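Asks: For reference, the structure I am asking about is given below.
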Amino acid sequence: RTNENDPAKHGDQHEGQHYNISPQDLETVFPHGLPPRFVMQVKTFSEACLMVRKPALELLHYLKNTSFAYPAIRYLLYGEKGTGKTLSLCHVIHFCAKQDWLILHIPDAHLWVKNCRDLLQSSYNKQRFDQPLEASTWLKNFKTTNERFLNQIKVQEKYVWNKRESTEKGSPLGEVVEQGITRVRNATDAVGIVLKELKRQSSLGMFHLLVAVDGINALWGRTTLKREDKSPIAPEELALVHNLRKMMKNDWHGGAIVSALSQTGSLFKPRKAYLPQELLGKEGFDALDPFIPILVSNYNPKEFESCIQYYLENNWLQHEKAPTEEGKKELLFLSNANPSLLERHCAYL
RNA sequence: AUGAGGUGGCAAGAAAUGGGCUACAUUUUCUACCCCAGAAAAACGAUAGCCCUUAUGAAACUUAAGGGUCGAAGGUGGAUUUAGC
Ligand SMILES: Nc1ncnc2c1ncn2[C@@H]1O[C@H](COP(=O)(O)OP(=O)(O)OP(=O)(O)O)[C@@H](O)[C@H]1O
Ligand SMILES: Nc1nc2c(ncn2[C@@H]2O[C@H](COP(=O)(O)OP(=O)(O)O)[C@@H](O)[C@H]2O)c(=O)[nH]1
Ligand SMILES: [Mg+2]
């Protein structure tokens with residue numbers, strides 16, 4: 001536990017201690033993305049406490065040393081399953097949001113590339129496919145996270161939604177987002193327009209952009225979605241995926257592209273694929289490189305004690321032997337300091 | 001000719017019954033995977049029927065296999081009753 005709640009002052013001195021996110025900030029900045037199990041824990045406890053760690057502090061120092069004049073640099077948080085990459089990305093997202101950044105956050109790319117009942121054909125490009133439901137979902141999440149910047153940011157082009165309906169240069173980005181949401185048919189197109197406008201305006205310096213993409217390995221992998229002829233679909237055929245790759249490019253400046261690999265839900269990948277190349281594949285490695293790889297691993301004994309004491313204080317560990325050092329040692333044995341295994345045991349312990 | 005040889009052919013269903021397989025689903029449907037996920041959920045449910053193609057073969061309505069098609073009965077079951085330490 002730390003008294004410091006501002007995400008710009010805390011550093012290594014706070015290592016091994018929880019950092020609280022207020023409910024209002026959780027709602028605004030993080031209406032999505034956060035792991036389902038941590039969401040259940042937050043619902044149970046009324047406390048969104050993430051222990052600060054070297055990975056998150058490192059990437060915060062990276063973003064403080066970043067020069068927006070530089071073309072946006074890529075960072076890649078990689079590791080095994082349940083090492084907390086998602087929560088580190090969320091922590092840094094909170095930092096940038098409190099720093100007034102525009103957070104272009106992708107909660108998970110695995111969802112975008114599977115189980116898409118609504119798969120129409122993009123009007124803007126008849127050779128691609130749209131995912132109106134997911135487009136609307138992410139548009140709503142982005143609006144929730146950056147409503148303030150939504151109005152402040154204007155468009156710089158004419159965008160035709162129908163033969164008679166269009167949006168005009170200089171209009172606020174709110175008009176585009178509203179069109180995408182209400183007119184779900186235009187959802188993917190609005191997502192692409194938003195990505196383009198945010199990229200160009202970050203280049204112009206209207207704000208500072210953090211492109212925080214979770215499970216980035218999905219983009220350059222494979223897809224299970226099948227055409228009306230049952231043919232397989234490659235990722236580029238998904239306008240969302242192609243636009244997200246365009247964003248993953250570093251050609252633009254005015255921000256940084258942070259990403260976090262995630263095997264959870266990955267397609268055709270064996271359970272043990274956790275290395276950057278093994279996940280991204282040749283195409284993904286080639287697209288991301290250059291990148292700064294940051295490892296996320298199990299807990300150390302200090303952070304293990306911090307997590308256990310957090311659960312004990314919250315009384316989550318309602319069993320009698322949980323405070324006992326023997327129970328602590330058994331938890332360490334079973335979870336090998338793995339955050340996800342530890343929590344998935346503590347849930348019924 | 002109650003012996004021998006050659007060509008062609010039914011191998012069906014009022015009705016009952018024995019055994020087996022598949023189900024009626026949510027402990028399920030589906031993918032990935034081979035067990036830390038996302039969808040389906042009145043859809044589940046035919047190895048049956050119809051058409052086409054492929055393998056075998058001299059010969060495929062005859063057999064088997066693959067695709068499409070159709071999505072039927074049924075929603076845990078009567079008399080009763082089988083097997084297992
Ligand atoms: N810094 C942290 N503060 C609090 N809890 C944490 C922290 N890091 C990890 N945990 C706990 O670890 C659990 C497991 O993390 P989780 O699996 O969601 O992360 P991940 O790195 O995205 O992994 P996965 O590959 O499983 O998606 C989280 O639910 C959370 O309870
Ligand atoms: N409906 C619509 N969509 C647009 C328009 N302009 C841009 N977009 C969307 O914004 C995305 C980015 O556009 P852009 O990169 O310039 O097109 P591309 O380079 O040819 O792929 C596209 O995928 C479109 O879906 C427009 O005028 N109308
Ligand atoms: Mg994570």
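All residue names refer to the structure tokens as shown: chains lettered A, B, ... in order, residues numbered from 1 in each chain, ligands numbered from 1 in order.
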Pull out every residue of chain A that has at least one atom within 10 Å of chain B, counting only C-alpha atoms (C1' of nucleotides), and report them as a PyMOL selection string.

Replies: chain A and resi 81-82+110-111+114-117+224+263-271+340-341+344

Asks: Could the residues that lie within 8 Å of ligand 2, counting only C-alpha atoms (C1' of nucleotides) and all ligand atoms, be listed as a PyMOL selection string?

Replies: chain A and resi 122-125+157-162+166+186+188-196+239-240+242-243+246

Asks: For ligand 3, list the contacting residues at 6 Å or closer, counting only C-alpha atoms (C1' of nucleotides) and all ligand atoms, as a ChimeraX atom specification.

Replies: /A:82,84-87

Asks: Based on the selection just made, write N, CA, C and O atoms of those residues as a compact mmCIF listing (two decimals), in the first residue's frame.

Replies:
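Result file follows (again_12.txt):
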# COMPACT_ATOMS: atom_id res chain seq x y z
N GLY A 82 -0.38 -14.84 -17.32
CA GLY A 82 -0.76 -14.36 -16.00
C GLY A 82 0.33 -13.63 -15.26
O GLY A 82 0.30 -13.59 -14.02
N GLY A 84 0.83 -10.41 -15.37
CA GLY A 84 0.40 -9.06 -15.06
C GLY A 84 0.70 -8.03 -16.13
O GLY A 84 0.66 -6.83 -15.84
N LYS A 85 1.01 -8.46 -17.35
CA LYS A 85 1.25 -7.51 -18.43
C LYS A 85 0.04 -6.61 -18.63
O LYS A 85 0.18 -5.40 -18.85
N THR A 86 -1.15 -7.20 -18.57
CA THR A 86 -2.37 -6.42 -18.75
C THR A 86 -2.47 -5.32 -17.71
O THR A 86 -2.78 -4.16 -18.03
N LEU A 87 -2.18 -5.65 -16.45
CA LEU A 87 -2.32 -4.66 -15.39
C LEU A 87 -1.21 -3.62 -15.45
O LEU A 87 -1.43 -2.47 -15.09

Asks: Leaving out range 72-77 of chain B and any residue of its chain fewer than 3 positions from it, which residues lie within 9 Å of it when counting only C-alpha atoms (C1' of nucleotides), given as a PDB file with N, CA and C atoms (P, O5', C5', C4', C3', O3' and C1' of nucleotides), in the first residue's frame?

Replies:
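Printed below is part.pdb as written:
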ATOM      1  P     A B  23     -24.591 -39.092 -29.445  1.00  0.00           P
ATOM      2  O5'   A B  23     -25.613 -37.889 -29.641  1.00  0.00           O
ATOM      3  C5'   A B  23     -26.556 -37.553 -28.635  1.00  0.00           C
ATOM      4  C4'   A B  23     -27.925 -37.341 -29.225  1.00  0.00           C
ATOM      5  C3'   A B  23     -29.003 -36.905 -28.251  1.00  0.00           C
ATOM      6  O3'   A B  23     -28.972 -35.510 -28.013  1.00  0.00           O
ATOM      7  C1'   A B  23     -29.815 -38.675 -29.592  1.00  0.00           C
ATOM      8  P     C B  24     -28.517 -34.930 -26.587  1.00  0.00           P
ATOM      9  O5'   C B  24     -29.870 -34.361 -25.977  1.00  0.00           O
ATOM     10  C5'   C B  24     -30.678 -33.473 -26.733  1.00  0.00           C
ATOM     11  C4'   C B  24     -32.123 -33.898 -26.724  1.00  0.00           C
ATOM     12  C3'   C B  24     -32.809 -33.896 -25.369  1.00  0.00           C
ATOM     13  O3'   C B  24     -33.232 -32.606 -24.965  1.00  0.00           O
ATOM     14  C1'   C B  24     -33.301 -35.911 -26.497  1.00  0.00           C
ATOM     15  P     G B  45     -26.265 -31.678 -31.961  1.00  0.00           P
ATOM     16  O5'   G B  45     -27.435 -32.712 -32.257  1.00  0.00           O
ATOM     17  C5'   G B  45     -27.757 -33.723 -31.317  1.00  0.00           C
ATOM     18  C4'   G B  45     -29.057 -34.401 -31.661  1.00  0.00           C
ATOM     19  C3'   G B  45     -29.196 -34.880 -33.094  1.00  0.00           C
ATOM     20  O3'   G B  45     -28.542 -36.115 -33.333  1.00  0.00           O
ATOM     21  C1'   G B  45     -31.149 -33.717 -32.466  1.00  0.00           C
ATOM     22  P     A B  46     -27.270 -36.184 -34.316  1.00  0.00           P
ATOM     23  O5'   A B  46     -27.612 -37.381 -35.309  1.00  0.00           O
ATOM     24  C5'   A B  46     -28.905 -37.497 -35.883  1.00  0.00           C
ATOM     25  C4'   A B  46     -28.913 -38.438 -37.061  1.00  0.00           C
ATOM     26  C3'   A B  46     -28.139 -37.977 -38.286  1.00  0.00           C
ATOM     27  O3'   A B  46     -26.753 -38.255 -38.196  1.00  0.00           O
ATOM     28  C1'   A B  46     -30.286 -38.712 -38.944  1.00  0.00           C
TER      29        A B  46
END

Asks: Rounded to one decimal, what separation in Å do you get between CA of residue 338 in chain A and atom 9 (C, counted along the ligand's line) of ligand 1?

Replies: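 It comes out at 8.0 Å.
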
Asks: Can you work out which one of A:113, A:317, A:308, A:204 has the shortest atom-to-atom distance to ligand 1, counting only C-alpha atoms and all ligand atoms?

Replies: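 The shortest atom-to-atom distance to ligand 1 comes from A:308.
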
Asks: Go through chain A residue by residue and, counting only C-alpha atoms and all ligand atoms, keep those with an atom at most 9 Å from ligand 1; for each kept residue give the shortest atom pair and its distance in Å to one decimal, ordered by chain and increasing number, as a tab-separated table.

Replies:
residue	atom	partner	partner_atom_place_in_ligand_line	distance
A:16	CA	ligand 1	1 (N)	8.7
A:17	CA	ligand 1	3 (N)	8.7
A:18	CA	ligand 1	3 (N)	6.6
A:19	CA	ligand 1	3 (N)	7.9
A:34	CA	ligand 1	18 (O)	7.6
A:35	CA	ligand 1	18 (O)	4.7
A:36	CA	ligand 1	18 (O)	7.3
A:37	CA	ligand 1	29 (O)	5.1
A:38	CA	ligand 1	29 (O)	4.2
A:39	CA	ligand 1	29 (O)	7.9
A:40	CA	ligand 1	29 (O)	8.8
A:41	CA	ligand 1	31 (O)	7.3
A:48	CA	ligand 1	4 (C)	8.1
A:49	CA	ligand 1	4 (C)	5.9
A:50	CA	ligand 1	3 (N)	3.2
A:51	CA	ligand 1	1 (N)	3.9
A:52	CA	ligand 1	1 (N)	5.5
A:53	CA	ligand 1	1 (N)	6.4
A:56	CA	ligand 1	1 (N)	8.6
A:78	CA	ligand 1	21 (O)	8.6
A:79	CA	ligand 1	21 (O)	7.6
A:80	CA	ligand 1	25 (O)	6.4
A:81	CA	ligand 1	25 (O)	3.4
A:82	CA	ligand 1	23 (O)	3.0
A:83	CA	ligand 1	21 (O)	4.0
A:84	CA	ligand 1	21 (O)	3.4
A:85	CA	ligand 1	21 (O)	3.9
A:86	CA	ligand 1	22 (O)	4.0
A:87	CA	ligand 1	8 (N)	5.9
A:88	CA	ligand 1	1 (N)	6.5
A:91	CA	ligand 1	1 (N)	8.4
A:214	CA	ligand 1	22 (O)	8.1
A:215	CA	ligand 1	22 (O)	8.1
A:260	CA	ligand 1	22 (O)	8.1
A:261	CA	ligand 1	25 (O)	8.1
A:262	CA	ligand 1	25 (O)	5.0
A:263	CA	ligand 1	25 (O)	5.5
A:264	CA	ligand 1	25 (O)	4.8
A:265	CA	ligand 1	27 (O)	8.3
A:274	CA	ligand 1	25 (O)	8.9
A:296	CA	ligand 1	21 (O)	7.6
A:297	CA	ligand 1	21 (O)	8.5
A:298	CA	ligand 1	9 (C)	8.6
A:299	CA	ligand 1	8 (N)	8.1
A:303	CA	ligand 1	1 (N)	8.5
A:307	CA	ligand 1	4 (C)	7.0
A:338	CA	ligand 1	12 (O)	7.2
A:339	CA	ligand 1	12 (O)	3.6
A:340	CA	ligand 1	14 (C)	3.2
A:341	CA	ligand 1	14 (C)	7.0
A:342	CA	ligand 1	12 (O)	7.3
A:343	CA	ligand 1	31 (O)	5.6
A:344	CA	ligand 1	13 (C)	7.8

Asks: Can you pull out every residue from range 140-284 of chain A that DSSP, working from the backbone, puts in strand (DSSP E or B), and format the result as a short mmCIF file (atom, residue, chain, number, x, y, z; two decimals) with C-alpha atoms, in the first residue's frame?

Replies:
data_model
loop_
_atom_site.label_atom_id
_atom_site.label_comp_id
_atom_site.auth_asym_id
_atom_site.auth_seq_id
_atom_site.Cartn_x
_atom_site.Cartn_y
_atom_site.Cartn_z
CA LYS A 154 -11.60 18.40 -34.98
CA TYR A 159 -16.14 11.57 -44.71
CA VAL A 160 -19.10 10.25 -46.70
CA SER A 166 -21.43 12.96 -44.70
CA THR A 167 -19.26 14.72 -42.13
CA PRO A 172 -15.38 17.71 -33.88
CA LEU A 209 -0.90 9.70 -27.93
CA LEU A 210 -0.44 6.36 -26.18
CA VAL A 211 -1.40 3.45 -28.45
CA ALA A 212 -1.79 0.74 -25.80
CA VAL A 213 -2.65 -2.57 -27.49
CA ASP A 214 -3.19 -5.75 -25.48
CA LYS A 226 -15.04 -17.85 -42.45
CA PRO A 232 -10.75 -18.60 -44.39
CA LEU A 238 -10.46 -6.99 -41.44
CA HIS A 253 5.13 11.11 -34.11
CA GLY A 255 3.20 9.66 -28.90
CA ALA A 256 4.28 6.08 -28.32
CA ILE A 257 2.96 2.63 -29.24
CA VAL A 258 2.91 0.40 -26.16
CA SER A 259 1.77 -3.18 -26.66
CA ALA A 260 1.51 -6.28 -24.50
#

Asks: I want to know what sits within 10 Å of residue 280 in chain A, based on only C-alpha atoms (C1' of nucleotides), with residues of the same chain fewer than 4 positions away left out; could you give that as a ChimeraX atom specification?

Replies: /A:215-221,261,273-276,284-288

Asks: Restrict the selected residues to C-alpha atoms and save them as a CSV table (one decimal), in the first residue's frame.

Replies:
chain,number,residue,atom,x,y,z
A,215,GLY,CA,-2.5,-9.2,-27.0
A,216,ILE,CA,-0.8,-7.6,-30.0
A,217,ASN,CA,0.2,-11.0,-31.3
A,218,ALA,CA,-3.3,-11.6,-32.8
A,219,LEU,CA,-2.9,-8.9,-35.5
A,220,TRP,CA,-0.2,-10.7,-37.5
A,221,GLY,CA,-1.4,-14.3,-36.9
A,261,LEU,CA,1.6,-9.8,-25.9
A,273,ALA,CA,4.0,-20.1,-26.9
A,274,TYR,CA,5.1,-17.1,-24.9
A,275,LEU,CA,8.2,-15.6,-26.6
A,276,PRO,CA,8.0,-12.5,-28.9
A,284,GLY,CA,4.3,-9.7,-36.6
A,285,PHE,CA,8.0,-9.6,-35.8
A,286,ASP,CA,8.8,-7.8,-39.0
A,287,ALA,CA,6.0,-5.3,-38.4
A,288,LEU,CA,6.9,-4.5,-34.7

Asks: Fewer than 4 positions away in the same chain doesn't count, so skip those; otherwise give me all residues within 12 Å of residue 69 in chain B, counting only C-alpha atoms (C1' of nucleotides), as a list in words.

Replies: residues 49, 50, 51 and 52 of chain B

Asks: May I ask for the distance between CA of residue 248 in chain A and CA of residue 279 in chain A, given in Å to one decimal place?

Replies: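 Those two atoms sit 16.1 Å apart.
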
Asks: When DSSP works through the backbone of this structure, what residues of range 54-104 of chain A end up as helix (DSSP H, G or I), shown as a PyMOL selection string?

Replies: chain A and resi 54-65+85-98

Asks: For the selection you just gave me, I'd like the residues written to a file as a CSV table (one decimal), in the first residue's frame, keeping N, CA, C and O atoms.

Replies:
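In the end it all went to part08.csv:
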chain,number,residue,atom,x,y,z
A,54,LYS,N,8.5,-3.2,-11.3
A,54,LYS,CA,9.6,-2.8,-12.2
A,54,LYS,C,9.2,-2.6,-13.6
A,54,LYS,O,9.6,-1.7,-14.3
A,55,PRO,N,8.4,-3.6,-14.2
A,55,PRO,CA,8.0,-3.4,-15.6
A,55,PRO,C,7.2,-2.1,-15.8
A,55,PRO,O,7.6,-1.3,-16.7
A,56,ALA,N,6.2,-1.8,-15.0
A,56,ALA,CA,5.4,-0.6,-15.2
A,56,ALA,C,6.2,0.6,-14.9
A,56,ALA,O,6.1,1.6,-15.6
A,57,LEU,N,7.1,0.6,-13.9
A,57,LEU,CA,7.9,1.8,-13.6
A,57,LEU,C,8.9,2.0,-14.7
A,57,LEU,O,9.1,3.2,-15.1
A,58,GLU,N,9.4,0.9,-15.3
A,58,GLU,CA,10.3,1.1,-16.5
A,58,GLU,C,9.6,1.7,-17.6
A,58,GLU,O,10.1,2.6,-18.3
A,59,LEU,N,8.4,1.3,-17.9
A,59,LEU,CA,7.7,1.8,-19.1
A,59,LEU,C,7.2,3.3,-18.8
A,59,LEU,O,7.2,4.1,-19.7
A,60,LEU,N,6.9,3.6,-17.5
A,60,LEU,CA,6.6,5.0,-17.2
A,60,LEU,C,7.9,5.9,-17.4
A,60,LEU,O,7.7,7.0,-17.9
A,61,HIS,N,9.0,5.4,-16.9
A,61,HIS,CA,10.2,6.2,-17.2
A,61,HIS,C,10.5,6.3,-18.7
A,61,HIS,O,10.9,7.4,-19.1
A,62,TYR,N,10.2,5.3,-19.4
A,62,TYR,CA,10.3,5.3,-20.9
A,62,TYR,C,9.4,6.4,-21.5
A,62,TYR,O,9.9,7.2,-22.3
A,63,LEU,N,8.2,6.5,-21.0
A,63,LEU,CA,7.3,7.5,-21.5
A,63,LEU,C,7.6,8.9,-21.0
A,63,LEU,O,7.2,9.9,-21.7
A,64,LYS,N,8.3,9.0,-19.9
A,64,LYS,CA,8.7,10.3,-19.5
A,64,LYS,C,9.9,10.8,-20.2
A,64,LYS,O,10.1,12.0,-20.4
A,65,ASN,N,10.8,9.9,-20.6
A,65,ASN,CA,12.0,10.2,-21.4
A,65,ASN,C,11.7,10.3,-22.9
A,65,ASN,O,12.6,10.7,-23.6
A,85,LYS,N,1.0,-8.5,-17.4
A,85,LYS,CA,1.3,-7.5,-18.4
A,85,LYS,C,0.0,-6.6,-18.6
A,85,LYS,O,0.2,-5.4,-18.8
A,86,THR,N,-1.2,-7.2,-18.6
A,86,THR,CA,-2.4,-6.4,-18.8
A,86,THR,C,-2.5,-5.3,-17.7
A,86,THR,O,-2.8,-4.2,-18.0
A,87,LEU,N,-2.2,-5.6,-16.4
A,87,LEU,CA,-2.3,-4.7,-15.4
A,87,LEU,C,-1.2,-3.6,-15.4
A,87,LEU,O,-1.4,-2.5,-15.1
A,88,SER,N,0.0,-4.0,-15.9
A,88,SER,CA,1.0,-3.0,-16.1
A,88,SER,C,0.6,-2.0,-17.2
A,88,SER,O,0.8,-0.8,-17.1
A,89,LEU,N,0.0,-2.5,-18.3
A,89,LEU,CA,-0.4,-1.7,-19.4
A,89,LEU,C,-1.5,-0.7,-18.8
A,89,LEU,O,-1.6,0.4,-19.2
A,90,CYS,N,-2.4,-1.3,-18.0
A,90,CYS,CA,-3.5,-0.5,-17.4
A,90,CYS,C,-2.9,0.6,-16.5
A,90,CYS,O,-3.4,1.8,-16.5
A,91,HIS,N,-1.9,0.3,-15.7
A,91,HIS,CA,-1.3,1.2,-14.8
A,91,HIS,C,-0.7,2.4,-15.7
A,91,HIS,O,-0.9,3.5,-15.4
A,92,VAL,N,0.0,2.0,-16.7
A,92,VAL,CA,0.6,3.1,-17.5
A,92,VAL,C,-0.4,3.9,-18.3
A,92,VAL,O,-0.3,5.1,-18.5
A,93,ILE,N,-1.5,3.2,-18.7
A,93,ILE,CA,-2.7,3.9,-19.2
A,93,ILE,C,-3.2,5.0,-18.3
A,93,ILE,O,-3.5,6.1,-18.6
A,94,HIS,N,-3.3,4.6,-17.0
A,94,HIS,CA,-3.8,5.5,-16.0
A,94,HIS,C,-2.8,6.7,-15.9
A,94,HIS,O,-3.2,7.8,-15.8
A,95,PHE,N,-1.5,6.4,-15.9
A,95,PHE,CA,-0.5,7.4,-15.8
A,95,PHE,C,-0.7,8.4,-17.0
A,95,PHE,O,-0.8,9.6,-16.7
A,96,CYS,N,-0.8,7.9,-18.2
A,96,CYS,CA,-0.9,8.8,-19.3
A,96,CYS,C,-2.2,9.6,-19.3
A,96,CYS,O,-2.3,10.8,-19.6
A,97,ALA,N,-3.3,9.0,-18.9
A,97,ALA,CA,-4.6,9.6,-18.8
A,97,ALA,C,-4.5,10.8,-17.7
A,97,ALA,O,-5.0,11.9,-18.0
A,98,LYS,N,-3.9,10.5,-16.6
A,98,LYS,CA,-3.7,11.5,-15.6
A,98,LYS,C,-2.8,12.6,-16.1
A,98,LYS,O,-2.9,13.8,-15.7
